[PDB]
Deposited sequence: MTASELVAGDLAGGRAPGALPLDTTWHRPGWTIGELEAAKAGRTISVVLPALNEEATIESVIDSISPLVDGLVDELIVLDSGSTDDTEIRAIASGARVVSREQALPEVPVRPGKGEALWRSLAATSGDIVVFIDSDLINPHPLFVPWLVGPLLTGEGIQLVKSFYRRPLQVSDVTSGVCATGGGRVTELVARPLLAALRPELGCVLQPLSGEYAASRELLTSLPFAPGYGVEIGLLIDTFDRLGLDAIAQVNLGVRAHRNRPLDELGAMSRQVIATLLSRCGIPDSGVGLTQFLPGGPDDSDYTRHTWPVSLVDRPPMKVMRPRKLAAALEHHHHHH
């Protein structure tokens, strides 16, 4: 179901959580310009509704770590998250590793690139989870790879999902149980994979969708992001993807594409 209008209060939400804990992950790669306002918008909730918040630094070479530390956030490196396993590039890798660095019964994911996030994003996302039943994933929407790639593709291969307005949204929450059960697609495939894998396994009903209000990058990427979105999506649907990277044109350049998911994190914690 879909909440076009969120309206729980931090106090009632905190109430309804009934012993379950809530972690918050901000994945960040070189986001020094926005990282502070993102953290700051959520800071106050910590020790109340939110029990834990960390920044997953995916190898920033700018001032992201220091700015975030200055805003009172725990910063975890991909290496710190899971020391025993060498590190892979891409967003999916970081979201995956973040599971090992957190312990909330509920994990909320919020991108670090957001321009002045609303302080009610977390409580709005965590809404259906705390007050509903059998909701395990809640995606957000607001206001493109999403409108030209992901959404047409779902109409074609998983139309039951063509009602998701933002399949690729970086802002969503889920139970720890579901996320540890699932593989994690590499790079920019992670979001579309979790959507399909959750649907395929729990049905359209474990999935909520909430309005977050209102809302970038070069066509150089995007092409690349689109490619991986296609590979993850094709794979979840039983279509063999070639493995070949998108080539951009003179002169030539081939962006990397990965057909390798991470296993469910359950596996790694025996």
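> What are the unmodelled segments when the structure is compared with the full deposited sequence, in sequence order?
Counting from residue 1, the stretches without coordinates are 1-23, 167-184, 257-259, 294-302, 324-337.
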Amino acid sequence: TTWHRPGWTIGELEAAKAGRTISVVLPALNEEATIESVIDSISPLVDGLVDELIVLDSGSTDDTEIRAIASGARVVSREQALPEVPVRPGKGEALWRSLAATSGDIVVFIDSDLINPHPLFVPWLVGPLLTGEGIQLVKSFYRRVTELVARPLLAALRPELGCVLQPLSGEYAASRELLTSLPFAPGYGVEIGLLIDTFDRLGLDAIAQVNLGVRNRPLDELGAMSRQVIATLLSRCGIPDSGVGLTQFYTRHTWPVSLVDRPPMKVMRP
From here on, numbers count along this sequence of modelled residues.
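> Mean C-alpha B factor from the entry: is it higher for 125-133 or for 144-152?
Looking at the recorded C-alpha B-factors, 125-133 comes out higher on average.
> Tell me which of 226-234 and 206-214 has the higher mean C-alpha B-factor in the deposited entry.
According to the entry, 206-214 carries the higher average C-alpha B-factor.
> Among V24, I10, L246, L259, single out the one with the highest C-alpha B factor in the record, please.
When the deposited C-alpha B-factors of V24, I10, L246, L259 are compared, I10 is largest.
> Of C163, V108, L182, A94, which one's C-alpha B factor is largest in the deposited record?
Across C163, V108, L182, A94, the entry lists the biggest C-alpha B-factor for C163.
> How does the C-alpha B factor of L219 compare with the rest of the chain: lowest, middle or highest third?
For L219, whose C-alpha B-factor we compare with every modelled residue in the chain, the answer is the highest third.
> Can you tell me which third, lowest, middle or highest, the CA B-factor of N116 falls into for its chain?
Top third by C-alpha B-factor.
> Quick check on the deposited entry: does the C-alpha B-factor of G170 sit in the lowest, middle or highest third of its chain?
Bottom third by C-alpha B-factor.
> What third of the chain, by the recorded C-alpha B-factor, contains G104?
Answer is highest: the recorded C-alpha B-factor places it there.
> What third of its chain's C-alpha B-factors does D62 belong to: lowest, middle or highest?
It falls in the middle third of the chain.
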